[PDB]
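Shown next, in structure tokens, is the structure this report addresses.
Chains as they are written, first to last, in our numbering: chain B, 1 to 53; chain L, 54 to 576; chain Y, 577 to 637; chain A, 638 to 698; chain E, 699 to 1221; chain D, 1222 to 1283; chain P, 1284 to 1345.
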């Protein structure tokens, strides 16, 4: 998967933990936190594409 | 004896490009076994998608394999130049781009270890043992390297490197089994069990060497200069444009334009573009998905930024990402506003959380407008800048082998984008089998043995030339963004330690990344 | 009809486009845009593959 | 025709046969006599159900 | 240094043949002694032939010798191609046959072991010690290799191989001594005590190499395509044959033949042949003998099969033999219907337990017939197929040096038949003698020492070309016979393990063997 | 086209046995399409047409 | 011709019928250019019966 190249077993750069002003920077879970895993690009161009409704 | 073996690092500039090249011992592990150990956590969440913590986001299940092969990375604009260096480069050349480069395994160690008579451990030099070594080249064995690693090139000299270990993420079967409402990732037809060992690679007894290299295909360069002039600020500083729009419909005049003013008008000739969210800090971060729980972050389109100060306030438009949070000798998982990107000109060109009026949608005299910081789709006639560079920096990453791919020139993280880059360079140790225990007892084990290689990468960048300016005004300078009295890239004693923000200072990065475009011309 | 893309495998069917915060209380007000996902600089993707039967080529205007 | 990429795939990788519906194989002739036991069909040659997918094979980008 | 030493495996196809070649470390034992230890159990039965268990079958007594020489095997169509590979081959070429091949001992280890001060064990690299190495070539030293081994090529990369140990079965004296009614095998004149050591072979200190090779003489190839048409189904689909036989004798008409029908007639032009038993599953298995207790099994004539489904029912006509019983990580001596041969076209051509009418033997109007599934002697004008192939597979075996030998083209097991094949490649370690114990004590022992070689075989098969067909219909496919959701040649996690047939899946063969003729033409 | 085939020298019926013999020689007529019926009526039929060839085989026996 | 493949025991409940399978073949002549042939034209071809034992044409007065 595009979003599945990354270091399967390693910690990315630095993610975003909470809010503004006083918000930490949870690096990343070794072996996990795949929601993070800063992707290097980002699929694009989608216009509607909603199932038969 | 002619063969002059040696430490290999430094870099030399030359009017049109430069050669960077470093070295770092490194140490191939030992892993008693090796089986690629398969993989499929079966959803790292509550199996499905309920709600309780910060790992229960389960971005669809996932597959994987952890190959005995430890590969290696250096993908950091970093290590190559070395600030005194980097700097230099920044002040003298208006552009950089990777030509090609090379890697060289040197003094091989491959020395096995047999522990003492119980007393301890005994490590001796061992020929016969060999550090397998294989370079991808062809490109079978899914990429990786370019995806944020926080586990690569030991930023600094005299700092061993025990390079990552190969593991990938195939795709295929997803079974909702286990409980009854529990999703798990499984192996499918369209799945791949890449088996390194099957495709000869070279061995490598002690002292031996090996090398390889490649040429970064062409590629636009990352300009290294500013923009002492705003996109929307070229125009006849003292003159009247064509004809503006004064009021409403049917009976609406055409106020030309105010000599010396009415800058809101000044019909711009283009219009910055591609903005998607980029709203200051107000899990889940401007990410596309499928089921609002199958997400995946992203430092977002390089079109926009993620830091800088509009004025005193160092925004961070969510999404974002920091390159190691300024810590004072301690790596704590949690540390707020600490050393993130830096300060773009992108701003100077309409790039932070900014409005996208788009006005009228059929209102009463242009009343109903709208505010879209989240929007600013791409319009034909764009323009703009990208997240510049930093001495530390994503350097280049594999684009995926997918059809059409609009402006794939750079790595989300900042490096270079290019299907086919510095092919992975795996190098596991070779399992020198053999009985272990007593004279009467057997044991088909992996005689202990590891290897200490001294890798040496070497890159070359086609430095463009610094543009020309009539600037009478000396133009900026160099020195890496810091915090007064706390100068980065040096050593402060832990003794007469910091008088204020207490710090032993065993060398430390700067606060906000080593900005790139620190210089400037006037587009 | 058509068939079964990898496009899916790469985020391509009716899928959400969070884009989160638009000035909410701690990133609460998000949004769900399957209809949207404008082109952003740094794309990637696949196209409707082929079929033995298949539109083969057509004049662009 | 470009050339088929290279893979370290130990796993035989997919196959061929055009997407169909079991017992009802496309691109062939079934007799209208001993016609379909289920979905009744004289079968005078018939396309497959879901189009002849393209990218039926695979590499690992 | 020019000498580039390395891992050696992979394979490359080429319009008319291909080169297969693999590698696997391996480890020469140590055997403190060596004396060929003679042999003669003196009947493994109740000495004679009474009745009580499943080993008391005593197939006549037997002789033997276990030489210090461990030889080596790779005789598996397997290891060479590697499914992704194999597969490929199967879909693109209508035939395979072994051209020739080669073997190469690489990185030699020959490192001795001297155990710690009691604390444990110490293994060091040792020159002076050498892995003897001898290749048969000439063919003295009775064969073996081709007879089912279940102890050969480590099917997979990164899987040491500690190759078999040479032992043979001479013949001669059979004494009915011991009790008074007890048969024992002894050594006769016509007996043979093959003494390896007597016929110089080469040594081999560390790092050294050695190689050899041979050319599989000519040999018919194993077609790799089906038969989209039945032997007995060529004929004028819509027309009347010559003249059939209607009733009895003297006054019996001659019903020509039904246009469009009477397929029972349709005088076939040949007639499949050679069937001997081949009756479904209803010790002792269709085996010839001498005294109904001096037997010996046999997967039987390759003329017939031993598995497939006539319809849902996967017969197994006794005799048979399975290539490793589908187990899920555990090798249990007993496991029913588990991964045996596969599904022939032989069937399609009259090959499973099928009747052999032969009708009249002097009855009343052709009443007394007979049913011979056990029979179907060879009749002049045969035709037929053989037990196809499987990625795993007997690859080739020595025919015996016996006069006349009808259709010895293939190994009962499926491989290739040929007096004179890949001469055995023995390689014992050399007994580096020497005192052991204390300073005052002696001990003419065998200083401990073993060696880890990295063998590399390489074969070449003259792939025929895929026949031509007017088939509009895409024709079959590839993917190895399996059991839905359980795909062979891959890794499933023992964690989110099988939802049904529970399996940790540390890579596993397919259920029914990797059928050969998976494709097809229309003879 | 089956593996091993003991004494396949002759046809059960008596002729000669040999994978690969006097390749079939097909020869259908070509469907010269075209309207049929009246001036106003159509009909995508197969204009009637046949052909009388005079085949000539020639063999040689050693 | 007579391809091979599927055999369904459908129709009644105890009734076997031959059907088309994967391993089946729908040979479509028209797909593989062959030559046409207006009137008067000709065409030919030929082949060599590979070697082959001959059918003796004599008895055995013994």
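The beta carbon of each residue, even a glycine, is placed where N, CA and C say it ideally should be.
Residue i versus the options, residue with shortest Cα-Cα distance
i: residue 1270 of chain D; options: P/1302, P/1301, P/1300, P/1321; result: P/1321
i: residue 561 of chain L; options: L/546, L/552, L/574; result: L/546
i: residue 1168 of chain E; options: P/1314, P/1304, P/1330, P/1294; result: P/1314
i: residue 1210 of chain E; options: E/1006, E/760, E/1048, E/876; result: E/1006
i: residue 184 of chain L; options: L/174, L/164, L/89; result: L/164
i: residue 1034 of chain E; options: E/1022, E/1045, E/1040; result: E/1022
i: residue 438 of chain L; options: L/400, L/420, L/456; result: L/400
i: residue 1092 of chain E; options: E/1039, E/990, E/1188; result: E/1039
i: residue 558 of chain L; options: L/576, L/379, L/367, L/396; result: L/379
i: residue 37 of chain B; options: L/347, L/422, L/433; result: L/347
i: residue 21 of chain B; options: L/335, L/284, L/145; result: L/335
i: residue 1165 of chain E; options: E/788, E/1212, E/1127; result: E/788
i: residue 976 of chain E; options: E/1074, E/952, E/1118, E/994; result: E/1074
i: residue 354 of chain L; options: B/51, B/39, B/46; result: B/39
i: residue 716 of chain E; options: E/778, E/726, E/751; result: E/778
i: residue 312 of chain L; options: L/324, L/325, L/295, L/305; result: L/295
CB-CB length for residue i against residue j, believed under 8 angstroms
i: residue 443 of chain L; j: residue 569 of chain L; result: 7 angstroms
i: residue 769 of chain E; j: residue 862 of chain E; result: 6 angstroms
i: residue 1174 of chain E; j: residue 1306 of chain P; result: 6 angstroms
i: residue 1076 of chain E; j: residue 1227 of chain D; result: 6 angstroms
i: residue 687 of chain E; j: residue 1152 of chain E; result: With chain E running from 699 to 1221 in the structure shown, residue 687 of chain E is simply not present.
i: residue 293 of chain L; j: residue 307 of chain L; result: In fact, because the Cβ distance is near 12 angstroms, the residues do not count as touching under 8 angstroms.
i: residue 774 of chain E; j: residue 850 of chain E; result: 6 angstroms
i: residue 1111 of chain E; j: residue 708 of chain E; result: That pair is no contact at about 27 angstroms.
Residue range of the unbroken beta strand (DSSP E) whose run includes residue i
i: residue 507 of chain L; result: 502 to 514
i: residue 265 of chain L; result: 263 to 268
i: residue 153 of chain L; result: 151 to 158
i: residue 68 of chain L; result: From DSSP, residue 68 of chain L is part of no beta strand (DSSP E); its letter is neither H nor E.
i: residue 166 of chain L; result: 164 to 167
N-terminal and C-terminal residue of the alpha helix (DSSP H) that residue i is part of
i: residue 788 of chain E; result: 782 to 790
Cβ-based contacts, 8 angstroms cut-off: residues of the region 182 to 207 of chain L near chain A: 191, 192, 193, 194, 195, 196
Residues from the region 623 to 635 of chain Y in contact with chain A, defined by Cβ distance under 7 angstroms: 625, 626, 627, 628, 629
Completely contained alpha helix (DSSP H) runs for the region 72 to 132 of chain L, where each covers 4 or more residues: none
Short-range partners of chain Y found in the region 454 to 476 of chain L, where Cβ spacing is below 9 angstroms: Close to chain Y, meaning a Cβ-Cβ distance shorter than 9 angstroms, are the following residues of the region 454 to 476 of chain L: 455, 456, 457, 458, 459, 460, 461, 462, 463, 464, 465, 470.
Within 9 angstroms of chain B by C-beta, residues of the region 377 to 400 of chain L in sequence order: 377, 378, 384, 385, 386, 387, 388, 389, 390, 391, 392, 393
Contacting positions in the region 208 to 234 of chain L - beta carbon closer than 8 angstroms to chain A: 221, 223
Beta strand (DSSP E) segments (min. 3 residues) lying fully within the region 276 to 362 of chain L: Every candidate beta strand (DSSP E) stretch fails here, since none sits fully inside the region 276 to 362 of chain L while reaching 3 residues.
Residues in the region 4 to 23 of chain B having any Cβ partner in chain Y nearer than 8 angstroms: Flagged, chain order: 18, 19.
Ranges of the alpha helix (DSSP H) found wholly within the region 833 to 910 of chain E, counting only runs of at least 4: none
Chain-ordered residues of the region 482 to 513 of chain L with a beta carbon less than 8 angstroms from chain E: Listed in sequence order: 483, 484, 485, 486, 487, 488, 489, 490, 491, 492, 497, 500.
Residues of the region 34 to 46 of chain B whose Cβ lies closer than 7 angstroms to any Cβ of chain Y, in chain order: 41, 42, 43, 44, 45, 46
Residues from the region 1304 to 1330 of chain P in contact with chain D, defined by Cβ distance under 7 angstroms: 1312, 1319, 1330
Residues in the region 515 to 543 of chain L having any Cβ partner in chain E nearer than 7 angstroms: none
Positions along the region 266 to 280 of chain L whose CB lies within less than 8 angstroms of some CB in chain B: Within the region 266 to 280 of chain L, no residue places its CB atom closer than 8 angstroms to a CB of chain B.
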